[PDB]
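Quick setup: the structure tokens below cover two forms of a single protein chain, split into structure 1 and structure 2.
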Structure 1
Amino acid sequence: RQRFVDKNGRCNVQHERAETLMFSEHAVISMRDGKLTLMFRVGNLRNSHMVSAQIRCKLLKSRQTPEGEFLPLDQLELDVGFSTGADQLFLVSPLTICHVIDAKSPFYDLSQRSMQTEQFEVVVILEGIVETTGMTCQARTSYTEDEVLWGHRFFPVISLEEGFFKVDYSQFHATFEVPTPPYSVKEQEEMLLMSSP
């Protein structure tokens, strides 16, 4: 059968200069494998194609510490694989980056309703290896609160049409709504605690 990567390492994927297919326009928050997950899509740089890369995510926001101190712009770490090595990417085709929301996540108590008033910026940083030269580069993007879609899911972009594993970039930025619990992960766990008889 057709394989994505040949024995010698050659990738069998069938994919303008304006770098707009690097990161998806929006991020989404919906269920995946039983967990509410923050997701965004990464593709590649049109003028500097990469195969390998490392990705990191920071949550930027203003906040008042319990001590009463106002932090104009604080950065909070958003785990996107440092605890598995999943942050070391293999860019054979687009990838849906996942941030599983839990008690360690800054988004632990982010619910659909709190989204209305919340104000933040999810910054994504990808430092990849340009295949052609071998040197390193970096691409960044950002998702403000209005660019994070609760209850949405990314359309798939990979298929097989005649021995060719194809990537449909016309669906790169496309998302669709799905029935998703409005509760924050903290609330879900709070409800789990109160569910015990």
Structure 2
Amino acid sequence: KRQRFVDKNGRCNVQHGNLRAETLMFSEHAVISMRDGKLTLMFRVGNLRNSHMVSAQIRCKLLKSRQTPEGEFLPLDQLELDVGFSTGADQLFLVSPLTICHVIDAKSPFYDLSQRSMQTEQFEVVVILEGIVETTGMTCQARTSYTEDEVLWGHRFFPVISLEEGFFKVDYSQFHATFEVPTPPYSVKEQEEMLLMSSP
């Protein structure tokens, strides 16, 4: 009886309301905060075509100038940010907006990014979203970028989907909106360090 998101035949019961306007779109900011027990870098992606995006896939690169231990200066090195290639979660079912998650762990290049170290670091998260417009079979690409000052430590995205009368409504007025939530200041590596300290 309760309303389903997708009908047996494939039709999605989503409505798009309160309308990067009218294509694929990305939240203005990214955030870092606690989810399911882990420090997570998050941003939001949306689809306002009314074609389905077939084989939708997202990837993320961290762009940064750095110096290698050997002393070489790399003016704009690209490091991978895992956003699903490890589970298949990077192959998106994107009809309503999703919060893409990068879990910060020992393999993440943000492993030792703390709230304080962020005020000093310079980096750029580059997001790449590719898919096939079912309408024409054409492959398209959209991108965005987050600089260090567009990543908000201790913020959480508001929800944009609600249940109302036989469809799931998406409130695009809340697409970019975040709020502050209590969040440790430490990097995951520091958090890790401070446990292999205070452990019996």
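The term rigid core refers to the maximal set of C-alpha atoms that superpose within 1.5 Å between the two forms. Residue numbering: structure 1 sequence, from 1.
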After a rigid core superposition between the two structures, the exception among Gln64, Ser52, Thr144, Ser159, its Cα shifting by 2 Å or more, is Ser52
Does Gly34 show a Cα shift reaching 2 Å between the two structures after rigid-core superposition? no
Look at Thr132 and decide if its Cα position differs by 2 Å or more between the two structures after superposing on the rigid core. yes
What Cα shift, in Å, does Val92 show between the two structures once the core is superposed? 2.1
